[PDB]
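For reference, the structure is listed below as structure tokens.
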Amino acid sequence: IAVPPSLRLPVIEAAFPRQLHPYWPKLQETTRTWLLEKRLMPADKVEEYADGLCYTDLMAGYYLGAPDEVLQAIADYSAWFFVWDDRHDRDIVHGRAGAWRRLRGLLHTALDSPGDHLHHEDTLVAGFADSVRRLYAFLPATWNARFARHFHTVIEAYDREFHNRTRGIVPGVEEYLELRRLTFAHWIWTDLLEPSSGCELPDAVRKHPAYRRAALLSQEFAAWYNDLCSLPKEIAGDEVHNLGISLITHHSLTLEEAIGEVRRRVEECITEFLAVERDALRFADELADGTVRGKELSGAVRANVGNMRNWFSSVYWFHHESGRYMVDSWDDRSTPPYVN
Ligand SMILES: NCCC(O)(P(=O)(O)O)P(=O)(O)O
Ligand SMILES: [Mg+2]
Ligand SMILES: [Mg+2]
Ligand SMILES: [Mg+2]
């Protein structure tokens, strides 16, 4: 309830009130069981840590209005995503370049044919395939293909991160901001707005400048606020990918100065979002031209922009609730207790 001053965003607390999807209690346990049954974490670590990681809370505060089974698929995928980030980190730390390379190729393949990988020997690949197959069942194949196109790009950004960290390369500020839109998977979360509101948006709608800019700002806030909040753990873990680190490294900023510059950029996302949110909601109003399809399109854009806004509050409170970032409570600050 009380946020550290250096992380506190009064505009979020006053103007972005938290929302919670009514399915969240069953969501929490169902994802916990999925992590167990897919063997994505040891049973000991699931029982001790899964709930305290707040992964399902993060999604349940974001995709409001989603059908229960859509939110379940999203939450399982999101938990898988955190575990994949953990495997990526461990492969880097132990120099398992071959294991990472093979996983990367398997994920590319599984992304295009998830059914063929539902029982793969690698449980991380099998869990990926199961979540992706379920996400592919909600909307037409044209949405499935866009999801895959986007996630192929994400996988390759993770590979670039692998190269950067093994070689000890800190990306430039602009290089990093470009790469961060892919490692954070901006466009996957944006894609998943549409099954949550039940509608694949035509390209002309979702590429409207107000929709695109609202969608961008929501994810930039989420990624850069994560950078601000995960900075201690990431410095502790020899992580190089973080806006603050790029600023210290290439703009010769101190730690206090870089934190302040990240904080400022986070705050600007909020007020930039508020301005373009008005345009995006005017756009939704214009889509209701009187036809049945127009009303559905209008409702779906409104829902999605609504959830772009919810992302701000969900991500904010998640970083203060989740055990994932409490580096100060670990016996080994470079080894989070929840990774294998
Ligand atoms: N994308 C989820 C994982 C992260 O946000 P986290 O800071 O490790 O929790 P990353 O910074 O690796 O992207
Ligand atoms: Mg990480
Ligand atoms: Mg990462
Ligand atoms: Mg981070």
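For the sequence shown, the authors' numbering begins at 15 and goes up steadily by one.
For each residue, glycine too, the CB sits at the ideal point set by N, CA and C.
Residue i: first and last residue of the uninterrupted alpha helix (DSSP H) it sits in
i, result
"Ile202", "200-205"
"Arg22", "First-last for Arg22: undefined, no H or E at that position."
"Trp331", "306-335"
"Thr349", "Taken as a continuous stretch (DSSP letters only), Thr349 belongs to no alpha helix (DSSP H), as it is neither H nor E."
"residue 3", "Within the shown structure, residues of the chain are numbered from 15 to 354, placing residue 3 beyond reach of any answer."
"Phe297", "269-301"
"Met73", "69-74"
Beta-carbon gap between residue i and residue j smaller than 8 Å
i, j, result
"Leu21", "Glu281", "no"
"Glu214", "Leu153", "yes"
"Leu207", "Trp238", "no"
"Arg179", "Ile106", "yes"
"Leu85", "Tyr77", "yes"
"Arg147", "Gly129", "yes"
"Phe326", "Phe30", "yes"
"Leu242", "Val276", "yes"
"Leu120", "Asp136", "yes"
"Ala124", "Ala155", "no"
"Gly75", "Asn324", "yes"
"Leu49", "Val60", "yes"
"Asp205", "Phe176", "no"
"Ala250", "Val341", "yes"
"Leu196", "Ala159", "no"
"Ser348", "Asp252", "yes"
Exposure label - residue i; buried when at least 16 CB within 10 Å
i, result
"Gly141", "buried"
"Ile15", "exposed"
"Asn318", "buried"
"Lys52", "buried"
"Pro351", "exposed"
"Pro19", "exposed"
"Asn354", "exposed"
"residue 389", "In the structure displayed, the chain extends from 15 to 354; residue 389 sits before or after that span and is not available."
"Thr305", "exposed"
"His133", "exposed"
"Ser145", "buried"
"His131", "buried"
"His255", "buried"
"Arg307", "exposed"
"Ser127", "exposed"
"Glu248", "buried"
"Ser266", "exposed"
"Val25", "exposed"
"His102", "buried"
Option in the options with minimal Cα separation from residue i
i, options, result
"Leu269", "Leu288, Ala162, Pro246", "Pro246"
"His164", "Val146, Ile202, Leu149", "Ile202"
"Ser312", "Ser328, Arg323, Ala294", "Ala294"
"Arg296", "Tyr339, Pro223, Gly274", "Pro223"
"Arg220", "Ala314, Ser244, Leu34, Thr45", "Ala314"
"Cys283", "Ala229, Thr305, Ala302", "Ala229"
"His35", "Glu83, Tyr330, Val17", "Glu83"
"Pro185", "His264, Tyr69, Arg226", "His264"
"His200", "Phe176, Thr167, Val187", "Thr167"
"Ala89", "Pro56, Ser211, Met55, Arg46", "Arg46"
"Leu138", "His255, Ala113, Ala162, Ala64", "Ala113"
"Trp157", "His108, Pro216, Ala171", "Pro216"
"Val97", "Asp303, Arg338, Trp331", "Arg338"
"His122", "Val17, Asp173, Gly109", "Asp173"
"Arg279", "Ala64, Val187, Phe95", "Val187"
"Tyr69", "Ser266, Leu41, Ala57", "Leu41"
"residue 13", "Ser336, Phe198, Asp65, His102", "One cannot answer for residue 13 here, as it falls past the ends of the chain, which runs 15 to 354."
"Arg115", "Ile169, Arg316, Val17, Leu261", "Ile169"
"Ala218", "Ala298, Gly212, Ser244", "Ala298"
"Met55", "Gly274, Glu300, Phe95", "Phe95"
"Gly79", "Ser211, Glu27, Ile26", "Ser211"
"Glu189", "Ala87, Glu310, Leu261", "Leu261"
Where residue i falls: helix, strand or coil (DSSP)
i, result
"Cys213", "coil"
"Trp48", "helix"
"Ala159", "helix"
"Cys243", "helix"
"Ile183", "coil"
"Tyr37", "coil"
"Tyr150", "coil"
"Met55", "coil"
"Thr263", "helix"
"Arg110", "coil"
"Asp252", "coil"
"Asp103", "helix"
"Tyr77", "coil"
"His134", "coil"
"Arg32", "coil"
"residue 357", "What the structure shows of the chain is the stretch from 15 to 354, and residue 357 is not part of that stretch, so it cannot be assessed."
"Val219", "helix"
"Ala16", "coil"
"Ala237", "helix"
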